[PDB]
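Engineer: Supplied in structure tokens, the structure appears directly below.
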Ligand SMILES: Cc1nc2ccc(C#Cc3nc(-c4ccccc4)cn3C)nn2c1CO
Ligand SMILES: [Mg+2]
Ligand SMILES: [Zn+2]
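Numbering (this note's numbering), first residue to last: 5 to 317.
As structure tokens, then:
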């Protein structure tokens, strides 16, 4: 009731910045997340006991894969927190409530394999969900955990507010399917530029929350260079394991997933920053000006990858 979560001073200050790294002490990640809910949403958004129990069941349903793990979930939530704290007044109480939960849950029970490997292996999830295979799984895992006893953090919401928040969470989690990102950012580009973009148009809000989700999900490219470079090793550890699995099915993987083509990583990251990251943070900064530090950090990391290619590191 009178119970604030507080962090040590360096964390209390640095958590407010976009480039914050949540650190290697796993047992602090739940308290970091509660801290962000309390400041973002309020000390009364959730019953603490239900929230704590929800966080620990979410944590237990992330697997120990190199990249798509519990650390990625809390990292993507921290980026969302920074966005919401720098754009206070643009977001409903339900959106604040739902989006941090969406980020924490967005990769639930990930196995370190793409939608594309599931379809080729013919995994049961690919017959249950023909598109956004893993992302429909993540949402379904979210609803499951929410329906466990004493886990309903949304218990105090009205019936219709409940249905609204679960609909925000669903669209937020679906939007993390990067295949959907390209069309969504193109449409937001055009709507912003012709001056049609309208935040009272719910279907416009949806697209903007979609773009934030892509931004939070890729936020590893906006960290300090050593964080960005070491996270890339985890990202490629998964891609190469998937490449190995492709070869086991008799399929030559794309070069991104072929550990034999390790040497071209620098050039591959460059393509990824130019094709995906830069456009994403450009359009996001256009629509939400206080998110510009994400664009600036992304550009500093692209420059670090250029430096790697030129032999300067
Ligand atoms: C947060 C985040 N999320 C992602 C997802 C993908 C990617 C990437 C990639 C890539 N690599 C190659 C490549 C590599 C070696 C040989 C040939 C091609 C091609 N592409 C597109 N990065 N990424 C980061 C930043 O690390
Ligand atoms: Mg995902
Ligand atoms: Zn993710």
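Cβ atoms here follow ideal geometry from the backbone N, Cα and C, with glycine treated the same way.
1. Which same chain residues end up closer than 6 angstroms to residue 1 when comparing Cβ atoms and leaving out the 5 residues on each side of it in sequence?
2. Can residue 139 be considered in contact with ligand 2, in the sense that its beta carbon sits closer than 8 angstroms to one or more heavy atoms?
3. Is it buried or exposed, residue 250, if we count other Cβ atoms within 10 angstroms and call 16 or more buried?
4. If you measure from each residue's Cβ to the nearest non-hydrogen atom of ligand 2, which ones come out under 5 angstroms, in chain order?
5. Quick check on DSSP: helix, strand or coil for residue 337?
6. Could you tell me the distance, in whole angstroms, from the CA atom of residue 20 to the CA atom of residue 83?
7. Excluding five sequence neighbours on each side, which residues of the same chain lie with their C-beta closer than 7 angstroms to the C-beta of residue 59?
8. Considering only residues of the segment 56 to 129, which uninterrupted alpha helix (DSSP H) runs meet the minimum length of 4 residues and lie entirely inside it, listed in chain order?
9. At which residue ranges does the segment 223 to 257 contain complete alpha helix (DSSP H) runs of 4 or more residues, listed in the order of the chain?
10. Between the Cα of residue 186 and those of 164, 86, 212, spot the shortest distance and give me the residue it belongs to.
11. Measuring only from the beta carbon, is residue 69 closer than 8 angstroms to any heavy atom that is part of ligand 3?
12. Select from 51, 16, 177 the residue whose C-alpha is nearest the C-alpha of residue 6.
13. Using beta-carbon positions only, say whether residue 217 and residue 77 come within less than 9 angstroms of one another.
14. Express the C-alpha separation of residue 224 and residue 263 in angstroms, rounding to a whole number.
15. If distances are taken between C-alpha atoms only, which option among 18, 201, 67 comes closest to residue 292?
16. Are there three or more Cβ pairs, one per stretch, closer than 8 angstroms when the segment 227 to 237 is compared with the segment 296 to 314?
17. Is residue 75 close to ligand 1? I mean its beta-carbon at under 8 angstroms from any heavy atom of the ligand.
18. Please confirm if the segment 177 to 184 is in contact with the segment 154 to 161, defined as three or more CB-CB distances below 8 angstroms between the two stretches.
19. Would you say the beta carbon of residue 80 comes nearer than 8 angstroms to a heavy atom of ligand 3?
20. Considering only the alpha carbon of each residue, which of 46, 204, 110, 195 lies closest to residue 175?
21. For residue 85 and residue 48, I'd like the C-alpha separation in whole angstroms.
22. What distance in whole Å lies between the Cβ atoms of residue 126 and residue 67, which are believed to be in contact at a cut-off of 8 angstroms?
Structural biologist: In short, the structure shows the following:
1. Look at the range of the chain in this structure, 5 to 317, and you will see that residue 1 is not part of it.
2. Yes, since a heavy atom of ligand 2 falls inside the 8 angstroms radius drawn around the Cβ of residue 139.
3. Buried, because 16 or more other Cβ atoms sit within 10 Å of the Cβ of residue 250.
4. Residues with a Cβ closer than 5 angstroms to any heavy atom of ligand 2, in chain order: 111, 180.
5. There is simply no residue 337 to check, as the chain begins at 5 and stops at 317 in what is shown.
6. Spanning the two alpha carbons is a distance of roughly 9 angstroms.
7. Counting only Cβ-Cβ distances below 7 angstroms, and skipping sequence neighbours, we find 34, 37.
8. Positions of the alpha helix (DSSP H) runs, each at least 4 residues long and wholly inside the segment 56 to 129, are given as 74 to 90, 97 to 109, 119 to 125 in order along the chain.
9. Residue ranges of uninterrupted alpha helix (DSSP H) with 4 or more members, entirely inside the segment 223 to 257 and ordered along the chain, are 229 to 252.
10. Ranking 164, 86, 212 by Cα distance to residue 186 puts 212 first.
11. It does not: the Cβ of residue 69 is nowhere closer than 8 angstroms to a heavy atom of ligand 3.
12. A check of alpha carbon separations from residue 6 across 51, 16, 177 identifies 51 as the nearest.
13. Their beta carbons are not under 9 angstroms apart, which means residue 217 does not touch residue 77 by this criterion.
14. Using only the alpha carbons, I get a separation of about 21 angstroms.
15. Among 18, 201, 67, the Cα nearest to that of residue 292 is on 201.
16. Under the Cβ criterion (8 angstroms, minimum of three pairs), the segment 227 to 237 counts as touching the segment 296 to 314.
17. Outside the cutoff, so no.
18. When C-beta atoms of the segment 177 to 184 are compared with those of the segment 154 to 161, fewer than three pairs fall below 8 angstroms, so the two segments do not count as touching.
19. Under cutoff, so the answer is yes.
20. Ranked by Cα distance from residue 175, the first of 46, 204, 110, 195 is 110.
21. As the crow flies, the alpha-carbon of residue 85 is around 17 angstroms from that of residue 48.
22. Wrong, their Cβ atoms sit about 21 angstroms apart, outside the cutoff.
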